[PDB]
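A single chain, nothing else alongside it, follows as structure tokens in the form solved without 2-pyrrol-1-ylbenzoic acid.
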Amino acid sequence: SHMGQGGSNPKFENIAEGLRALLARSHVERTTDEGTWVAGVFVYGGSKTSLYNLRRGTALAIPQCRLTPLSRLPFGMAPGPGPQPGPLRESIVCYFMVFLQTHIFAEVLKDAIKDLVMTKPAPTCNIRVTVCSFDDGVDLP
């Protein structure tokens, strides 16, 4: 497999390769004739840098998906202090979302991310992922 100068590849390139290997095990539909964005994977935690690398690598591995930027999560129970109402207060935990056209491919991608990050050192192995569904889809522009 390809190796960059000095015998190393960037982390996001190695994520893309690892995702490609895992996804190759599952020959599931990634697209529909309707082309609606009805499924997704919600990815969070770890660290901003680890999510940055995972986001870039997911994009490289999967042309059939669409990704949000990195952003931040609000708190759960008992938000931290701030001048704004509690629902708005931002934690330091980051997230991004992947939009997908099929529910099964969201499940396969969720499992692939979980399997991949378990092989990486902290904080990357602390990344969390859940499938999500959009009842009416998201009409991406």
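We number the residues from 1 along the sequence you see. Shifts are known only where both forms have a C-alpha. For clarity, a rigid core is taken as the largest C-alpha set superposing within 1.5 Å between two forms.
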(request) Mind pulling up the entry and telling me whether 106-114 or 73-81 has the higher mean Cα temperature factor? (result) 73-81
(message) Mean Cα B factor from the PDB record: higher for 19-27, or higher for 126-134?
(response) 19-27
(request) Ordered by C-alpha B-factor within the chain, which third holds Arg89? Give me lowest, middle or highest, please. (result) highest
(request) Rank-wise, by C-alpha B-factor, drop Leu51 into the lowest, middle or highest third of its chain. (result) middle
(message) Looking at the temperature factor on the CA atom of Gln64, which third of the chain's modelled residues does it land in?
(response) middle
(message) Split into thirds by Cα B-factor across the chain's modelled residues, where does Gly35 land: lowest, middle or highest?
(response) highest
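Same protein, other form: the form deposited with 2-pyrrol-1-ylbenzoic acid bound, not shown, and the subject of what follows.
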(request) Name the stretch, out of 47-55, 29-37, 98-106, 73-81, where some heavy atom lies within 4.5 Å of 2-pyrrol-1-ylbenzoic acid in the deposited complex. (result) 47-55
(request) May I ask you to state whether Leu116 is within 4.5 Å of 2-pyrrol-1-ylbenzoic acid in the deposited complex, using heavy atom distances? (result) yes
(message) When the contact criterion is heavy atoms within 4.5 Å, does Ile15 count as touching 2-pyrrol-1-ylbenzoic acid in the deposited complex?
(response) yes
(message) Quick check for you: superpose on the rigid core, then look between the shown form and the other one for a C-alpha move of 2 Å or more. Which of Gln84, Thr31, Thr49, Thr68 is it?
(response) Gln84
(message) Knowing the shift is 3 Å or more, I'd like to know if the C-alpha atoms of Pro85 and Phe75 are closer or farther apart in the deposited complex than in the shown chain.
(response) closer
(message) Please check whether, in the deposited complex, the CA atoms of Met77 and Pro83 lie closer or farther apart than here, given a change of 3 Å or more.
(response) closer
(request) Provide the ranges, sorted by sequence, of consecutive runs with at least 3 residues in which each Cα shifts 2 Å or more between the shown form and the other one, based on a superposition on the core. (result) 8-11, 78-85
